[PDB]
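Participant: Dropping the structure in here first, questions after.
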Amino acid sequence: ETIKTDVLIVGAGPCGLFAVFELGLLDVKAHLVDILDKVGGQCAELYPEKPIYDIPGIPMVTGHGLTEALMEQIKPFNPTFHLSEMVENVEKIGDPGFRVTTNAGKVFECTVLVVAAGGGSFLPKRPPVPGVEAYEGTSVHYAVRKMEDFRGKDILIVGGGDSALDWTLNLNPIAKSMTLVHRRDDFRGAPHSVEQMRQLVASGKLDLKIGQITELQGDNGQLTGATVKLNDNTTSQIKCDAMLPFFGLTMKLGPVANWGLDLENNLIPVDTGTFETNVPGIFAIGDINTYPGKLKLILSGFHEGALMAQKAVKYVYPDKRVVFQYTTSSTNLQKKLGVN
Amino acid sequence: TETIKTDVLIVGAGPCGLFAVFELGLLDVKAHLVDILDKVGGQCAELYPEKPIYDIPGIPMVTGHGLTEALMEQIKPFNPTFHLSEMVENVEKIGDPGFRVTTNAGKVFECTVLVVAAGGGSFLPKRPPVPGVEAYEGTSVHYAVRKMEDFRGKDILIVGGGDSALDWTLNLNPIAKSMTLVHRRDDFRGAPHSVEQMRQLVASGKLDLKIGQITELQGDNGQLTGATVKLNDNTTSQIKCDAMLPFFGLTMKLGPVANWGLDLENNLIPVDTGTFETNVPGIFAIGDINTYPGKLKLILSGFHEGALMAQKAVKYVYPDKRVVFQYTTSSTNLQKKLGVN
Ligand SMILES: Cc1cc2nc3c(=O)[nH]c(=O)nc-3n(C[C@H](O)[C@H](O)[C@H](O)COP(=O)(O)OP(=O)(O)OC[C@H]3O[C@@H](n4cnc5c(N)ncnc54)[C@H](O)[C@@H]3O)c2cc1C
Ligand SMILES: Cc1cc2nc3c(=O)[nH]c(=O)nc-3n(C[C@H](O)[C@H](O)[C@H](O)COP(=O)(O)OP(=O)(O)OC[C@H]3O[C@@H](n4cnc5c(N)ncnc54)[C@H](O)[C@@H]3O)c2cc1C
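If you're matching them up, the sequences are chains S and Y in order.
When you read off a place in the first sequence, starting at 1, and then add 2, the result is the number in the UniProt record's numbering.
When you read off a place in the second sequence, starting at 1, and then add 1, the result is the number in the UniProt record's numbering.
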């Protein structure tokens with residue numbers, strides 16, 4: 003059956019997470035969906051280890067620390083997360099009400115939709131090697147679902163983080179041959195992955211080429227080889243049936259484009275009092291939105307979530323009059339927070 | 002005498018006034034802050050220092066005092082100048098923009114930009130119900146100390162039972178001719194060191210204590226000579242006093258914000274939602290003093306407001322500065338301003 007919820011939030015970046023808090027203070031429950039395999043969006047994917055200095059009231063917190071703190075704060079409302087899943091279509095079916103379907107065919111029905119999509123859908127980054135589009139699907143792969151597909155062929159893996167290293171090690175001894183290429187001979191993922199890999203190099207079972215891929219060989223989108231340029235300005239050929247780039251993730255607008263929102267420069271325009279869109283029952287908070295003076299700051303997304311929540315309750319509970327209470331002095335609110 | 006020149010003058014040192022120092026500082030805009038309270042932090046610090054707050058984004062739980070202390074950390078790298086126990090009384094436009102701003106103690110500021118972060122209003126001494134709406138107020142009923150020489154060898158009536166009342170009894174007792182303290186209950190809830198030095202004064206014959214409420218005052222020409230207290234037995238009793246000092250605590254009134262020609266709406270300053278500027282270019286309003294469609298009296302909104310205000314205020318302070326949006330996390334320029342090395 004379809005999963006029914008008061009609110010569906012697209013994204014579990016900082017601004018999507020905090021929205022759980024503000025919606026929870028008003029007894030509005032939420033499911034969140036993110037194509038990333040972790041909560042925290044950009045903070046968690048792009049700068050987890052790095053210090054942030056402009057979260058009001060925290061002199062310094064890390065990307066990861068912030069993520070972990072927001073998860074604490076929202077833990078008392080019982081949000082339901084669906085990670086590694088992509089929101090694809092939205093269809094208006096109530097006044098308001100929305101049917102929202104994920105890439106794995108999961109279906110939600112919610113009263114209110116909150117777009118917290120941020121910079122966009124995180125997706126595998128395309129490596130910067132001319133003519134790349136063509137081999138995509140056939141012989142350039144950004145994921146391994148069935149590893150049996152790669153037995154006894156020549157594999158080019160490009161990259162040098164955990165995913166690259168995991169796939170090199172797992173796809174040997176399946177492979178006929180393989181050539182790992184990274185820009186530099188320096189690996190994060192240490193110590194265990196990095197050393198098993200260097201064991202494969204030293205044993206002749208893996209060939210390492212330090213550099214970057216400058217062109218590809220193959221007709222009808224089927225690979226046969228690749229040119230690498232090494233760090234001595236020398237080129238060299240590689241034999242490969244398959245190239246698997248692991249250059250990390252990147253953010254593209256994605257499905258937000260296909261939901262009949264009146265975008266402006268790939269941003270959703272929004273009322274400055276309620277952070278609602280053009281479509282009643284659809285809100286947008288965080289870096290996905292726009293309004294005069296908008297700033298892509300975490301702290302703004304917070305404000306935006308708080309004001310959105312005020313509007314979204316009136317759709318979820320229309321007969322109920324909202325009485326403004328403070329978290330510090332209201333025991334009703336403290337009861338919702340699980341403070342005795 | 003000489004006017005204090007600054008880029009920005011901030012009215013209030015509540016959470017939202019304090020955070021505005023941060024956002025102005027990321028853009029090399031310096032600030033003076035002025036509050037009539039004797040401490041930073043506004044409501045969080047005066048009304049709920051020891052209470053837990055749960056809706057500061059990213060902090061599961063912080064206290065009124067903890068938040069105040071955390072904000073003072075965050076803004077420390079920019080070197081704000083505070084003027085506490087002082088009140089902003091008048092503002093006058095003198096540039097395009099530019100303001101001359103004078104405090105109740107005749108201090109004068111000249112600033113390019115004014116940021117009203119007045120919150121719930123100025124904190125002020127509450128009237129006791131004597132009726133105390135009084136003849137005596139200019140001259141022998143005082144809500145604050147002038148200089149302490151004013152009270153040498155005077156008979157002093159102090160009414161109240163919190164820290165202030167107790168601080169003034171103890172500080173004025175060595176010089177007073179005589180002193181009576183009156184509070185409605187024989188229970189003192191302020192800091193227990195004060196409470197006990199006070200009871201030392203009672204027990205030593207240096208202080209008269211009377212438990213009850215003042216019902217009547219004695220004196221023509223607005224000059225006190227005594228007072229009637231009703232004790233909790235409906236019994237009355239007479240007190241000799243040249244001066245009555247009520248310390249019933251603080252309360253927030255709109256105050257001087259009403260006298261600056263701003264177009265108010267329900268005692269709130271209307272404001273552009275993109276810049277948090279007012280009707281008067283160069284004057285901004287952030288925090289609980291403001292209004293706009295959707296406004297919520299939340300700390301976290303005042304933060305947003307301060308950030309967007311800063312963006313506009315820099316164009317006045319540095320009109321040839323082209324502003325570039327950078328992140329604290331990734332920009333070494335910003336990290337240089339923060340004193341991260
Ligand atoms: C290097 C760097 C440093 C930064 N430093 C600062 C700083 O100091 N201060 C500051 O305030 N800000 C900073 N930012 C900005 C901050 O990262 C963003 O403001 C914040 O991430 C926005 O949060 P959000 O919740 O709106 O969305 P994001 O963090 O962008 O997360 C949105 C999530 O939505 C997902 N998504 C989008 N569409 C879909 C879909 N259809 N289905 C499923 N999932 C979807 C994405 O996978 C993503 O996880 C920085 C950004 C970067 C890159
Ligand atoms: C009991 C209680 C619980 C609360 N709980 C919460 C909560 O859980 N979460 C939340 O977000 N908010 C809460 N708030 C609200 C929060 O305290 C306010 O939104 C916040 O204090 C606004 O701060 P601000 O900087 O705008 O001004 P304030 O804290 O109002 O600071 C204003 C300061 O300005 C000064 N001032 C005004 N005019 C002048 C003048 N002319 N000259 C000099 N000084 C002047 C005042 O003396 C005061 O110190 C609570 C409030 C109360 C009373």
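Ideal Cβ placement from N, Cα and C applies to all residues, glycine included.
1. Whole angstroms is fine: what's the gap from S:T69's alpha carbon to Y:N172's?
2. Between the stretch 283-307 of chain S and chain Y, which residues of the former have a C-beta closer than 9 Å to a C-beta of the latter?
3. Based on the DSSP secondary-structure assignment, which residues constitute the bridge partners of S:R147?
4. Starting from Y:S205, follow the alpha helix (DSSP H) in both directions and report where the run begins and ends.
5. Span of the beta strand (DSSP E) holding S:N91?
6. Taking 8 Å as the threshold, find out whether the stretch 268-286 of chain Y comes into contact with the stretch 33-46 of chain Y through three or more Cβ pairs.
7. Any beta carbon from chain Y within less than 8 Å of S:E51's own beta carbon?
8. Starting from the Cα of S:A314, find the closest Cα among S:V30, S:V102, S:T82 and give me that residue.
9. Apply the 10 Å Cβ neighbour rule to S:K207 and answer buried if 16 or more other Cβ atoms are within range, or exposed otherwise.
10. Quick check on the DSSP output: what are the complete alpha helix (DSSP H) runs of length 4 or more inside the stretch 240-323 of chain S, in order along the chain?
11. Anything in the stretch 62-85 of chain S with a Cβ closer than 8 Å to a Cβ of chain Y? List those residues in chain order, please.
12. Hey, does Y:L339 have any beta-carbon neighbour from chain S nearer than 8 Å?
13. Is S:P16 helix, strand or coil when you go by DSSP?
14. My assumption, with CB atoms under 8 Å, is that S:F277 sits in contact with S:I287. Please give the rounded CB distance.
15. With DSSP collapsed to three states, give me the class of S:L173.
16. Flag Y:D36 as yes when its Cβ comes closer than 7 Å to any non-hydrogen atom of ligand 2, and as no otherwise.
17. Does Y:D234 come out as helix, strand or coil in the three-state DSSP assignment?
18. Kindly list, in the order they appear in chain Y, the residues whose Cβ is closer than 7 Å to that of S:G13.
19. At least one CB of chain S closer than 8 Å to the CB of Y:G59: is that the case?
20. Which residue spans inside the stretch 99-149 of chain Y form an unbroken beta strand (DSSP E) run of at least 3?
21. Compare the Cα-Cα distances from S:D156 to each of S:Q201, S:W169, S:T226 and report the closest residue.
22. Select from Y:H194, Y:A166, Y:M253 the residue whose C-alpha is nearest the C-alpha of Y:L210.
23. So is S:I54 in contact with chain Y if we call contact Cβ pairs under 8 Å?
24. How many whole angstroms separate the CB atoms of Y:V160 and Y:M245, which I take to be in contact at a CB cut-off of 8 Å?
25. Under 8 Å, Cβ to Cβ, is there at least one residue of chain S near Y:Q312?
26. With 16 other CB atoms within 10 Å as the buried threshold, where does residue 392 of chain Y fall?
27. Please compile the residues from chain S whose C-beta is within a distance smaller than 7 Å of the C-beta of Y:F20.
28. Which word fits Y:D221, buried or exposed, when buried means at least 16 other C-beta atoms lie within 10 angstroms of its C-beta?
29. Do you know how far the Cα of S:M253 is from the Cα of S:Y137?
30. What's the gap between the Cα of Y:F100 and the Cα of Y:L115?
31. Let me know if S:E47 comes out buried or exposed under the rule of 16 or more other beta-carbons within 10 Å of its beta-carbon.
32. What residue range is occupied by the uninterrupted alpha helix (DSSP H) comprising Y:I76?
33. Find the residues of chain S that neighbour Y:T276, judging by a C-beta separation of less than 7 Å, and give them in chain order.
34. Could you confirm whether any beta carbon from chain Y is found closer than 8 Å to the beta carbon of S:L269?
35. Of the residues Y:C45, Y:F20, Y:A228, which one's Cα is nearest the Cα of Y:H33?
36. Is any beta-carbon of chain S found at less than 8 Å from that of residue 355 of chain Y?
Facilitator: According to the data block:
1. Residue numbering aside, residue 69 of chain S sits at position 67 when the first sequence is read from its first letter. Residue numbering aside, residue 172 of chain Y sits at position 171 when the second sequence is read from its first letter. Per the coordinates, the alpha-carbon of S:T69 lies some 50 Å from the alpha-carbon of Y:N172.
2. Hits within the stretch, in order: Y293, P294, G295, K296, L297, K298, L299, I300, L301, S302, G303, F304, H305, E306, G307.
3. Here residue 147 of chain S is taken as the residue at index 145 of the first sequence, counted from 1. Looking at the DSSP assignment, S:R147 forms no beta bridge with any residue, so it has no partner.
4. Here residue 205 of chain Y refers to the residue found at position 204 of the second sequence. Counting along the chain, Y:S205 falls outside any alpha helix (DSSP H), and DSSP gives it neither H nor E.
5. As a first step, residue 91 of chain S must be located in the first sequence, where it is residue number 89. In the DSSP assignment, S:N91 falls within the unbroken beta strand (DSSP E) covering 89-96.
6. The stretch 268-286 of chain Y makes no contact with the stretch 33-46 of chain Y, as fewer than three CB pairs between them are under 8 Å.
7. Residue 51 of chain S sits at position 49 when you count from the first residue of the first sequence. Output row for S:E51: interface = no.
8. Along the first sequence, one-based indexing puts residue 314 of chain S at 312. Taking only the C-alpha atoms, the option nearest S:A314 is S:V30.
9. Here residue 207 of chain S corresponds to residue number 205 of the first sequence, with the count starting at 1. By the neighbour-count rule (16 or more Cβ atoms within 10 Å), S:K207 is not buried but exposed.
10. Listed in chain order, the complete alpha helix (DSSP H) runs (minimum 4 residues) inside the stretch 240-323 of chain S are 300-318.
11. For the stretch 62-85 of chain S, the set of positions with a beta-carbon nearer than 8 Å to some beta-carbon of chain Y reads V63, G65, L68, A71, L72, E74, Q75 in chain order.
12. Within the second sequence, the letter at position 338 stands for residue 339 of chain Y. Put simply, the CB of Y:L339 is near chain S, with a gap under 8 Å to one of its CB atoms.
13. Taking the first sequence and counting its residues from 1, one reaches residue 16 of chain S at position 14. In this structure, S:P16 counts as helix in the three-state DSSP scheme.
14. For the purposes of this step, residue 277 of chain S is taken as residue 275 along the first sequence, with counting starting at 1. For the purposes of this step, residue 287 of chain S is taken as residue 285 along the first sequence, with counting starting at 1. Your pair S:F277 and S:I287 checks out as a contact, with CB atoms roughly 5 Å apart and the cut at 8 Å.
15. Here residue 173 of chain S refers to the residue found at position 171 of the first sequence. DSSP places S:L173 in helix when its eight states are reduced to three.
16. Along the second sequence, read from residue 1 onward, the residue named residue 36 of chain Y stands at position 35. Distances between the C-beta of Y:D36 and the heavy atoms of ligand 2 include at least one below 7 Å.
17. Against the second sequence, residue 234 of chain Y aligns to sequence position 233. Taken through DSSP and simplified to helix, strand or coil, Y:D234 comes out as coil.
18. Here residue 13 of chain S refers to the residue found at position 11 of the first sequence. Per Cβ cutoff of 7 Å: no residues; S:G13 is ~16 Å from chain Y at best.
19. As a first step, residue 59 of chain Y is located in the second sequence; it is residue number 58 there, counting from the start. Chain S, which has a Cβ nearer than 8 Å to the Cβ of Y:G59, makes this yes.
20. Counting only runs of 3 or more, we get 99-104, 109-117, 123-126.
21. As a first step, residue 156 of chain S is located in the first sequence; it is residue number 154 there, counting from the start. Here the closest residue by C-alpha is S:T226.
22. Within the second sequence, numbered from 1, the residue matching residue 210 of chain Y stands at position 209. Nearest neighbour of Y:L210 by Cα position, chosen from Y:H194, Y:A166, Y:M253, turns out to be Y:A166.
23. Here the question's residue 54 of chain S lines up with position 52 in the first sequence. Output row for S:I54: interface = yes.
24. Here residue 160 of chain Y corresponds to residue number 159 of the second sequence, with the count starting at 1. Here residue 245 of chain Y corresponds to residue number 244 of the second sequence, with the count starting at 1. The beta carbons of Y:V160 and Y:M245 sit about 7 Å from each other, so the pair counts as a contact at 8 Å.
25. Translated into positions along the second sequence, residue 312 of chain Y becomes position 311. So yes, Y:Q312 belongs to the interface.
26. Chain Y is shown only over 2 to 342; residue 392 of chain Y falls outside these bounds and no answer can be derived.
27. Locating residue 20 of chain Y in the second sequence gives position 19, where the first residue counts as 1. Residues of chain S passing the Cβ test: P58.
28. The count along the second sequence starts at 1 and reaches residue 221 of chain Y at position 220. Exposed, because fewer than 16 other Cβ atoms sit within 10 Å of the Cβ of Y:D221.
29. Position 135 of the first sequence, counting from 1, holds the residue named residue 137 of chain S. Position 251 of the first sequence, counting from 1, holds the residue named residue 253 of chain S. Using only the alpha carbons, I get a separation of about 21 Å.
30. To locate residue 100 of chain Y, count along the second sequence from 1; it is residue 99. To locate residue 115 of chain Y, count along the second sequence from 1; it is residue 114. Those two C-alpha atoms are separated by around 7 Å.
31. On the first sequence, residue 47 of chain S is found 45 positions in, with the first residue counted as 1. With 16 or more other CB atoms across the displayed protein chains lying within 10 angstroms of its CB, S:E47 is buried.
32. On the second sequence, residue 76 of chain Y is found 75 positions in, with the first residue counted as 1. Its alpha helix (DSSP H) spans residues 65-76.
33. On the second sequence, position 275 is the one that residue 276 of chain Y refers to. The answer, in chain order, is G295.
34. On the first sequence, residue 269 of chain S is found 267 positions in, with the first residue counted as 1. Output row for S:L269: interface = no.
35. For the purposes of this step, residue 33 of chain Y is taken as the residue at position 32 of the second sequence. With distances taken between Cα atoms, Y:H33 lies closest to Y:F20.
36. The structure shown has nothing for residue 355 of chain Y, since chain Y only spans 2 to 342.
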